[PDB]
file coords19.pdb (PDB, C-alpha atoms and all ligand atoms)
ATOM      1  CA  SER A   1       0.000   0.000   0.000  1.00  0.00           C
ATOM      2  CA  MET A   2       1.175   3.537  -0.689  1.00  0.00           C
ATOM      3  CA  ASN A   3       0.202   7.074   0.130  1.00  0.00           C
ATOM      4  CA  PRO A   4       0.299   9.745  -2.601  1.00  0.00           C
ATOM      5  CA  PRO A   5       2.802  12.546  -2.330  1.00  0.00           C
ATOM      6  CA  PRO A   6       1.441  15.327  -0.142  1.00  0.00           C
ATOM      7  CA  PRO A   7      -0.030  18.430  -1.568  1.00  0.00           C
ATOM      8  CA  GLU A   8       2.638  20.940  -2.532  1.00  0.00           C
ATOM      9  CA  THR A   9       3.648  23.594  -0.082  1.00  0.00           C
ATOM     10  CA  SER A  10       6.285  25.346  -2.214  1.00  0.00           C
ATOM     11  CA  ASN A  11       6.215  26.272  -5.849  1.00  0.00           C
ATOM     12  CA  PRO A  12       8.268  29.187  -7.198  1.00  0.00           C
ATOM     13  CA  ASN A  13       5.966  29.243 -10.250  1.00  0.00           C
ATOM     14  CA  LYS A  14       2.928  30.071  -8.151  1.00  0.00           C
ATOM     15  CA  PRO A  15       2.023  33.656  -7.427  1.00  0.00           C
ATOM     16  CA  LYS A  16       1.826  34.737  -3.775  1.00  0.00           C
ATOM     17  CA  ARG A  17       1.478  37.781  -1.453  1.00  0.00           C
ATOM     18  CA  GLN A  18       1.618  38.599   2.280  1.00  0.00           C
ATOM     19  CA  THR A  19      -1.698  40.277   3.269  1.00  0.00           C
ATOM     20  CA  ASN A  20      -3.600  41.226   6.312  1.00  0.00           C
ATOM     21  CA  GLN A  21      -6.272  38.641   5.620  1.00  0.00           C
ATOM     22  CA  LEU A  22      -3.655  35.901   5.183  1.00  0.00           C
ATOM     23  CA  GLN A  23      -1.979  37.035   8.385  1.00  0.00           C
ATOM     24  CA  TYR A  24      -5.329  36.622  10.171  1.00  0.00           C
ATOM     25  CA  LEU A  25      -5.717  33.186   8.647  1.00  0.00           C
ATOM     26  CA  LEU A  26      -2.436  32.124  10.265  1.00  0.00           C
ATOM     27  CA  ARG A  27      -2.539  34.022  13.573  1.00  0.00           C
ATOM     28  CA  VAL A  28      -6.220  33.579  14.375  1.00  0.00           C
ATOM     29  CA  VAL A  29      -7.808  30.865  12.231  1.00  0.00           C
ATOM     30  CA  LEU A  30      -5.063  28.219  11.911  1.00  0.00           C
ATOM     31  CA  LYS A  31      -3.772  28.857  15.448  1.00  0.00           C
ATOM     32  CA  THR A  32      -7.248  28.404  16.972  1.00  0.00           C
ATOM     33  CA  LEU A  33      -7.899  25.153  15.171  1.00  0.00           C
ATOM     34  CA  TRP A  34      -4.374  23.789  15.612  1.00  0.00           C
ATOM     35  CA  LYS A  35      -4.518  23.975  19.412  1.00  0.00           C
ATOM     36  CA  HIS A  36      -7.942  22.360  19.716  1.00  0.00           C
ATOM     37  CA  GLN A  37      -8.163  19.019  21.461  1.00  0.00           C
ATOM     38  CA  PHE A  38      -9.522  17.458  18.254  1.00  0.00           C
ATOM     39  CA  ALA A  39      -6.901  18.881  15.884  1.00  0.00           C
ATOM     40  CA  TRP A  40      -4.497  15.981  15.861  1.00  0.00           C
ATOM     41  CA  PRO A  41      -6.096  13.827  13.057  1.00  0.00           C
ATOM     42  CA  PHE A  42      -6.015  16.922  10.873  1.00  0.00           C
ATOM     43  CA  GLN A  43      -2.430  18.064  11.558  1.00  0.00           C
ATOM     44  CA  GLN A  44      -0.863  16.060   8.727  1.00  0.00           C
ATOM     45  CA  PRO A  45      -1.989  14.145   5.623  1.00  0.00           C
ATOM     46  CA  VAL A  46      -4.101  11.069   6.203  1.00  0.00           C
ATOM     47  CA  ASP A  47      -1.762   8.047   6.354  1.00  0.00           C
ATOM     48  CA  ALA A  48      -4.014   5.603   4.583  1.00  0.00           C
ATOM     49  CA  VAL A  49      -1.309   2.921   4.749  1.00  0.00           C
ATOM     50  CA  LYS A  50      -0.948   2.840   8.572  1.00  0.00           C
ATOM     51  CA  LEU A  51      -4.650   3.477   9.106  1.00  0.00           C
ATOM     52  CA  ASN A  52      -5.562   0.634   6.709  1.00  0.00           C
ATOM     53  CA  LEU A  53      -7.871   2.810   4.624  1.00  0.00           C
ATOM     54  CA  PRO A  54      -6.941   1.500   1.183  1.00  0.00           C
ATOM     55  CA  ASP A  55      -9.820   3.219  -0.555  1.00  0.00           C
ATOM     56  CA  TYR A  56      -9.197   6.635   1.005  1.00  0.00           C
ATOM     57  CA  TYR A  57      -7.403   8.152  -2.008  1.00  0.00           C
ATOM     58  CA  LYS A  58      -9.848   6.523  -4.380  1.00  0.00           C
ATOM     59  CA  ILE A  59     -12.660   8.560  -2.846  1.00  0.00           C
ATOM     60  CA  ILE A  60     -10.605  11.644  -1.796  1.00  0.00           C
ATOM     61  CA  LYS A  61      -8.871  12.995  -4.875  1.00  0.00           C
ATOM     62  CA  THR A  62      -8.130  16.453  -3.467  1.00  0.00           C
ATOM     63  CA  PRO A  63      -6.518  15.678  -0.067  1.00  0.00           C
ATOM     64  CA  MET A  64      -5.974  18.497   2.337  1.00  0.00           C
ATOM     65  CA  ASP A  65      -4.949  18.838   5.972  1.00  0.00           C
ATOM     66  CA  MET A  66      -3.898  21.540   8.408  1.00  0.00           C
ATOM     67  CA  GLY A  67      -0.246  20.567   8.334  1.00  0.00           C
ATOM     68  CA  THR A  68      -0.263  21.430   4.652  1.00  0.00           C
ATOM     69  CA  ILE A  69      -2.250  24.612   5.309  1.00  0.00           C
ATOM     70  CA  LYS A  70       0.176  25.634   8.077  1.00  0.00           C
ATOM     71  CA  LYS A  71       3.134  25.160   5.765  1.00  0.00           C
ATOM     72  CA  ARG A  72       1.376  27.069   2.988  1.00  0.00           C
ATOM     73  CA  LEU A  73       0.714  29.982   5.324  1.00  0.00           C
ATOM     74  CA  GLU A  74       4.202  29.921   6.902  1.00  0.00           C
ATOM     75  CA  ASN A  75       5.920  29.546   3.523  1.00  0.00           C
ATOM     76  CA  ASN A  76       3.808  32.250   1.871  1.00  0.00           C
ATOM     77  CA  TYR A  77       2.258  30.033  -0.718  1.00  0.00           C
ATOM     78  CA  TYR A  78      -1.092  31.824  -1.159  1.00  0.00           C
ATOM     79  CA  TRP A  79      -2.151  34.810  -3.259  1.00  0.00           C
ATOM     80  CA  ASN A  80      -5.346  35.494  -1.334  1.00  0.00           C
ATOM     81  CA  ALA A  81      -7.528  34.429   1.584  1.00  0.00           C
ATOM     82  CA  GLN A  82      -9.957  32.539  -0.643  1.00  0.00           C
ATOM     83  CA  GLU A  83      -7.244  30.077  -1.675  1.00  0.00           C
ATOM     84  CA  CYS A  84      -6.644  29.262   2.009  1.00  0.00           C
ATOM     85  CA  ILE A  85     -10.302  29.204   2.967  1.00  0.00           C
ATOM     86  CA  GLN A  86     -10.828  26.743   0.133  1.00  0.00           C
ATOM     87  CA  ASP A  87      -8.140  24.466   1.562  1.00  0.00           C
ATOM     88  CA  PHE A  88      -9.877  24.410   4.952  1.00  0.00           C
ATOM     89  CA  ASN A  89     -13.214  23.665   3.294  1.00  0.00           C
ATOM     90  CA  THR A  90     -11.661  20.884   1.215  1.00  0.00           C
ATOM     91  CA  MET A  91     -10.310  19.311   4.390  1.00  0.00           C
ATOM     92  CA  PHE A  92     -13.702  19.365   6.119  1.00  0.00           C
ATOM     93  CA  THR A  93     -15.561  18.243   3.011  1.00  0.00           C
ATOM     94  CA  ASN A  94     -13.175  15.341   2.488  1.00  0.00           C
ATOM     95  CA  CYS A  95     -13.913  14.135   6.040  1.00  0.00           C
ATOM     96  CA  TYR A  96     -17.652  14.329   5.485  1.00  0.00           C
ATOM     97  CA  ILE A  97     -17.478  12.652   2.078  1.00  0.00           C
ATOM     98  CA  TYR A  98     -15.357   9.715   3.246  1.00  0.00           C
ATOM     99  CA  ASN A  99     -16.940   8.985   6.618  1.00  0.00           C
ATOM    100  CA  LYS A 100     -20.475   8.768   8.050  1.00  0.00           C
ATOM    101  CA  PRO A 101     -22.583  10.852  10.389  1.00  0.00           C
ATOM    102  CA  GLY A 102     -21.707  10.281  14.065  1.00  0.00           C
ATOM    103  CA  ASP A 103     -18.264   8.896  13.376  1.00  0.00           C
ATOM    104  CA  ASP A 104     -15.691  10.266  15.840  1.00  0.00           C
ATOM    105  CA  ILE A 105     -13.660  11.864  13.042  1.00  0.00           C
ATOM    106  CA  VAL A 106     -16.827  13.639  11.758  1.00  0.00           C
ATOM    107  CA  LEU A 107     -17.646  14.917  15.256  1.00  0.00           C
ATOM    108  CA  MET A 108     -14.058  16.197  15.483  1.00  0.00           C
ATOM    109  CA  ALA A 109     -14.241  17.902  12.105  1.00  0.00           C
ATOM    110  CA  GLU A 110     -17.546  19.484  13.046  1.00  0.00           C
ATOM    111  CA  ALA A 111     -16.052  20.961  16.207  1.00  0.00           C
ATOM    112  CA  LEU A 112     -13.134  22.467  14.294  1.00  0.00           C
ATOM    113  CA  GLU A 113     -15.438  23.681  11.520  1.00  0.00           C
ATOM    114  CA  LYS A 114     -17.645  25.515  14.047  1.00  0.00           C
ATOM    115  CA  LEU A 115     -14.635  27.480  15.186  1.00  0.00           C
ATOM    116  CA  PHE A 116     -13.462  28.008  11.636  1.00  0.00           C
ATOM    117  CA  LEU A 117     -16.803  29.514  10.720  1.00  0.00           C
ATOM    118  CA  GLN A 118     -16.802  31.827  13.639  1.00  0.00           C
ATOM    119  CA  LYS A 119     -13.269  33.057  12.985  1.00  0.00           C
ATOM    120  CA  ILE A 120     -13.715  33.584   9.282  1.00  0.00           C
ATOM    121  CA  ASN A 121     -16.901  35.530   9.974  1.00  0.00           C
ATOM    122  CA  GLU A 122     -14.583  38.230  11.342  1.00  0.00           C
ATOM    123  CA  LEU A 123     -11.968  38.087   8.583  1.00  0.00           C
ATOM    124  CA  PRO A 124     -10.846  41.705   8.393  1.00  0.00           C
ATOM    125  CA  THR A 125     -11.513  43.926   5.369  1.00  0.00           C
ATOM    126  CA  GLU A 126      -8.516  43.990   3.118  1.00  0.00           C
ATOM    127  CA  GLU A 127      -5.833  46.831   3.957  1.00  0.00           C
TER
HETATM  128  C1  LIG B 201      -5.540   9.642  12.455  1.00  0.00           C
HETATM  129  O1  LIG B 201      -6.060  10.590  11.542  1.00  0.00           O
HETATM  130  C2  LIG B 201      -7.187  10.270  10.887  1.00  0.00           C
HETATM  131  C3  LIG B 201      -7.627  11.303  10.012  1.00  0.00           C
HETATM  132  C4  LIG B 201      -8.765  11.153   9.232  1.00  0.00           C
HETATM  133  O2  LIG B 201      -9.295  12.135   8.496  1.00  0.00           O
HETATM  134  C5  LIG B 201      -8.728  13.479   8.620  1.00  0.00           C
HETATM  135  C6  LIG B 201      -9.508   9.945   9.314  1.00  0.00           C
HETATM  136  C7  LIG B 201     -10.734   9.665   8.566  1.00  0.00           C
HETATM  137  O3  LIG B 201     -11.210  10.418   7.666  1.00  0.00           O
HETATM  138  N1  LIG B 201     -11.358   8.475   8.804  1.00  0.00           N
HETATM  139  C8  LIG B 201     -10.875   7.562   9.707  1.00  0.00           C
HETATM  140  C9  LIG B 201     -11.566   6.347  10.052  1.00  0.00           C
HETATM  141  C10 LIG B 201     -10.896   5.139  10.355  1.00  0.00           C
HETATM  142  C11 LIG B 201     -11.572   4.015  10.678  1.00  0.00           C
HETATM  143  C12 LIG B 201     -10.867   2.728  10.956  1.00  0.00           C
HETATM  144  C13 LIG B 201     -13.008   4.174  10.943  1.00  0.00           C
HETATM  145  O4  LIG B 201     -13.698   3.114  11.380  1.00  0.00           O
HETATM  146  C14 LIG B 201     -14.635   2.438  10.518  1.00  0.00           C
HETATM  147  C15 LIG B 201     -14.040   2.168   9.114  1.00  0.00           C
HETATM  148  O5  LIG B 201     -14.530   3.030   8.116  1.00  0.00           O
HETATM  149  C16 LIG B 201     -13.706   5.397  10.724  1.00  0.00           C
HETATM  150  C17 LIG B 201     -15.223   5.465  10.919  1.00  0.00           C
HETATM  151  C18 LIG B 201     -12.919   6.466  10.280  1.00  0.00           C
HETATM  152  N2  LIG B 201      -9.747   7.746  10.340  1.00  0.00           N
HETATM  153  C19 LIG B 201      -9.063   8.918  10.217  1.00  0.00           C
HETATM  154  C20 LIG B 201      -7.879   9.096  10.946  1.00  0.00           C
HETATM  155 NA    NA B 202      -5.060  14.156   3.993  1.00  0.00          NA
END
call {"tool": "encode", "arguments": {"input": "coords19.pdb", "output": "structure tokens"}}
result
Amino acid sequence: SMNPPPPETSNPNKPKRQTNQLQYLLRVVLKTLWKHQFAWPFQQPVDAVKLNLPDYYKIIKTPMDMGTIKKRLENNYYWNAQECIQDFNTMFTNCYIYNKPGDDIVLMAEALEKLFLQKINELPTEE
């Protein structure tokens, strides 16, 4: 069994900027979720090999996780807040698509997503 390569976190071909919204995404949004008691399954790519989930990457063709997001923020990968917000939504959506209501991982995702929603509701106006 094999995992795919992780999503990229560096690409000199990609355009990027450092903005007040992206700073908020790191300092407020990512930090809040990262510290949460239920963050840990989401802090790195799903290891479908060790977890014995051989169909994971058959169903999830756009993997995303907060370790990748953290690196993207820290390594100034993004052009705008929407690109980052999309990554968070992909991560949550992947969990809901793969799993079933009431599963522990879904409950965990839902807790993180509640906080995500509240933080992004106060994303500052661009400077
Ligand atoms: C340890 O990190 C994870 C991260 C995950 O997603 C971010 C998942 C995930 O999306 N599903 C599961 C997973 C694993 C098993 C063995 C489960 O029991 C029944 C088989 O379907 C369930 C319901 C979910 N484990 C993750 C572990
Ligand atoms: Na993943």
call {"tool": "closest_residue", "arguments": {"input": "coords19.pdb", "among": "A:42, A:34, A:24, A:78", "to": "residue 109 (chain A)", "atoms": "all atoms listed in the file"}}
result
A:42
call {"tool": "closest_residue", "arguments": {"input": "coords19.pdb", "among": "A:70, A:105, A:82, A:50", "to": "residue 32 (chain A)", "atoms": "all atoms listed in the file"}}
result
A:70
call {"tool": "closest_residue", "arguments": {"input": "coords19.pdb", "among": "A:3, A:99, A:80, A:9", "to": "ligand NA 202 (chain B)", "atoms": "all atoms listed in the file"}}
result
A:3
call {"tool": "resolve_selection", "arguments": {"input": "coords19.pdb", "expression": "the PyMOL selection byres (((chain A and resi 14-22) around 10) and not hetatm)", "output": "MDAnalysis selection string"}}
result
chainID A and resid 10:13 23:29 73 75:85 120 123:127
call {"tool": "residues_near_ligand", "arguments": {"input": "coords19.pdb", "ligand": "ligand NA 202 (chain B)", "cutoff": "12 Å", "atoms": "only C-alpha atoms and all ligand atoms", "output": "ChimeraX atom specification"}}
result
/A:3-7,41-49,51,53,56-57,59-69,87-88,90-95,98
call {"tool": "axis_aligned_box", "arguments": {"input": "coords19.pdb", "around": "ligand LIG 201 (chain B)", "padding_each_side": "5 Å", "output": "AutoDock Vina command-line options"}}
result
--center_x -10.4 --center_y 7.8 --center_z 10.1 --size_x 19.7 --size_y 21.3 --size_z 14.8
call {"tool": "atom_distance", "arguments": {"input": "coords19.pdb", "atom1": "atom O1 of ligand LIG 201 (chain B)", "atom2": "CA of residue 121 (chain A)"}}
result
27.2 Å
call {"tool": "atom_distance", "arguments": {"input": "coords19.pdb", "atom1": "CA of residue 8 (chain A)", "atom2": "atom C9 of ligand LIG 201 (chain B)"}}
result
23.9 Å
call {"tool": "atom_distance", "arguments": {"input": "coords19.pdb", "atom1": "atom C12 of ligand LIG 201 (chain B)", "atom2": "CA of residue 2 (chain A)"}}
result
16.8 Å
call {"tool": "closest_residue", "arguments": {"input": "coords19.pdb", "among": "A:37, A:86, A:118, A:52", "to": "ligand LIG 201 (chain B)", "atoms": "all atoms listed in the file"}}
result
A:52
call {"tool": "closest_residue", "arguments": {"input": "coords19.pdb", "among": "A:33, A:1, A:100, A:106", "to": "residue 55 (chain A)", "atoms": "only C-alpha atoms"}}
result
A:1
call {"tool": "closest_residue", "arguments": {"input": "coords19.pdb", "among": "A:112, A:30, A:74, A:35", "to": "ligand LIG 201 (chain B)", "atoms": "only C-alpha atoms and all ligand atoms"}}
result
A:112
call {"tool": "decode", "arguments": {"input": "coords19.pdb", "residues": "chain A", "atoms": "C-alpha atoms", "output": "short mmCIF file (atom, residue, chain, number, x, y, z; two decimals), in the first residue's frame"}}
result
data_model
loop_
_atom_site.label_atom_id
_atom_site.label_comp_id
_atom_site.auth_asym_id
_atom_site.auth_seq_id
_atom_site.Cartn_x
_atom_site.Cartn_y
_atom_site.Cartn_z
CA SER A 1 0.00 0.00 0.00
CA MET A 2 1.18 3.54 -0.69
CA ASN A 3 0.20 7.07 0.13
CA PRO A 4 0.30 9.75 -2.60
CA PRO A 5 2.80 12.55 -2.33
CA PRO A 6 1.44 15.33 -0.14
CA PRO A 7 -0.03 18.43 -1.57
CA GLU A 8 2.64 20.94 -2.53
CA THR A 9 3.65 23.59 -0.08
CA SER A 10 6.29 25.35 -2.21
CA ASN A 11 6.21 26.27 -5.85
CA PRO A 12 8.27 29.19 -7.20
CA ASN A 13 5.97 29.24 -10.25
CA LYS A 14 2.93 30.07 -8.15
CA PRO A 15 2.02 33.66 -7.43
CA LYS A 16 1.83 34.74 -3.78
CA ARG A 17 1.48 37.78 -1.45
CA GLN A 18 1.62 38.60 2.28
CA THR A 19 -1.70 40.28 3.27
CA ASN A 20 -3.60 41.23 6.31
CA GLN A 21 -6.27 38.64 5.62
CA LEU A 22 -3.66 35.90 5.18
CA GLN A 23 -1.98 37.04 8.39
CA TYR A 24 -5.33 36.62 10.17
CA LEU A 25 -5.72 33.19 8.65
CA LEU A 26 -2.44 32.12 10.26
CA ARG A 27 -2.54 34.02 13.57
CA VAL A 28 -6.22 33.58 14.37
CA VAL A 29 -7.81 30.86 12.23
CA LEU A 30 -5.06 28.22 11.91
CA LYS A 31 -3.77 28.86 15.45
CA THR A 32 -7.25 28.40 16.97
CA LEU A 33 -7.90 25.15 15.17
CA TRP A 34 -4.37 23.79 15.61
CA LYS A 35 -4.52 23.98 19.41
CA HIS A 36 -7.94 22.36 19.72
CA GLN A 37 -8.16 19.02 21.46
CA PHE A 38 -9.52 17.46 18.25
CA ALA A 39 -6.90 18.88 15.88
CA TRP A 40 -4.50 15.98 15.86
CA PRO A 41 -6.10 13.83 13.06
CA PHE A 42 -6.01 16.92 10.87
CA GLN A 43 -2.43 18.06 11.56
CA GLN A 44 -0.86 16.06 8.73
CA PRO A 45 -1.99 14.14 5.62
CA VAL A 46 -4.10 11.07 6.20
CA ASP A 47 -1.76 8.05 6.35
CA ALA A 48 -4.01 5.60 4.58
CA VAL A 49 -1.31 2.92 4.75
CA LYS A 50 -0.95 2.84 8.57
CA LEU A 51 -4.65 3.48 9.11
CA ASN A 52 -5.56 0.63 6.71
CA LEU A 53 -7.87 2.81 4.62
CA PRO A 54 -6.94 1.50 1.18
CA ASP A 55 -9.82 3.22 -0.55
CA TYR A 56 -9.20 6.63 1.01
CA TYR A 57 -7.40 8.15 -2.01
CA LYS A 58 -9.85 6.52 -4.38
CA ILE A 59 -12.66 8.56 -2.85
CA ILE A 60 -10.61 11.64 -1.80
CA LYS A 61 -8.87 12.99 -4.88
CA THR A 62 -8.13 16.45 -3.47
CA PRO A 63 -6.52 15.68 -0.07
CA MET A 64 -5.97 18.50 2.34
CA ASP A 65 -4.95 18.84 5.97
CA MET A 66 -3.90 21.54 8.41
CA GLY A 67 -0.25 20.57 8.33
CA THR A 68 -0.26 21.43 4.65
CA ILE A 69 -2.25 24.61 5.31
CA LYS A 70 0.18 25.63 8.08
CA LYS A 71 3.13 25.16 5.76
CA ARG A 72 1.38 27.07 2.99
CA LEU A 73 0.71 29.98 5.32
CA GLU A 74 4.20 29.92 6.90
CA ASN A 75 5.92 29.55 3.52
CA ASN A 76 3.81 32.25 1.87
CA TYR A 77 2.26 30.03 -0.72
CA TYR A 78 -1.09 31.82 -1.16
CA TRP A 79 -2.15 34.81 -3.26
CA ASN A 80 -5.35 35.49 -1.33
CA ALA A 81 -7.53 34.43 1.58
CA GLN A 82 -9.96 32.54 -0.64
CA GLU A 83 -7.24 30.08 -1.68
CA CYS A 84 -6.64 29.26 2.01
CA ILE A 85 -10.30 29.20 2.97
CA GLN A 86 -10.83 26.74 0.13
CA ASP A 87 -8.14 24.47 1.56
CA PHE A 88 -9.88 24.41 4.95
CA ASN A 89 -13.21 23.67 3.29
CA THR A 90 -11.66 20.88 1.22
CA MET A 91 -10.31 19.31 4.39
CA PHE A 92 -13.70 19.37 6.12
CA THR A 93 -15.56 18.24 3.01
CA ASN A 94 -13.17 15.34 2.49
CA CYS A 95 -13.91 14.13 6.04
CA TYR A 96 -17.65 14.33 5.48
CA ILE A 97 -17.48 12.65 2.08
CA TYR A 98 -15.36 9.71 3.25
CA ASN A 99 -16.94 8.98 6.62
CA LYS A 100 -20.47 8.77 8.05
CA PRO A 101 -22.58 10.85 10.39
CA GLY A 102 -21.71 10.28 14.07
CA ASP A 103 -18.26 8.90 13.38
CA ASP A 104 -15.69 10.27 15.84
CA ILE A 105 -13.66 11.86 13.04
CA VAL A 106 -16.83 13.64 11.76
CA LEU A 107 -17.65 14.92 15.26
CA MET A 108 -14.06 16.20 15.48
CA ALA A 109 -14.24 17.90 12.11
CA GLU A 110 -17.55 19.48 13.05
CA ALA A 111 -16.05 20.96 16.21
CA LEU A 112 -13.13 22.47 14.29
CA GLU A 113 -15.44 23.68 11.52
CA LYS A 114 -17.64 25.52 14.05
CA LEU A 115 -14.64 27.48 15.19
CA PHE A 116 -13.46 28.01 11.64
CA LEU A 117 -16.80 29.51 10.72
CA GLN A 118 -16.80 31.83 13.64
CA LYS A 119 -13.27 33.06 12.98
CA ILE A 120 -13.71 33.58 9.28
CA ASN A 121 -16.90 35.53 9.97
CA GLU A 122 -14.58 38.23 11.34
CA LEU A 123 -11.97 38.09 8.58
CA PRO A 124 -10.85 41.70 8.39
CA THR A 125 -11.51 43.93 5.37
CA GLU A 126 -8.52 43.99 3.12
CA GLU A 127 -5.83 46.83 3.96
#
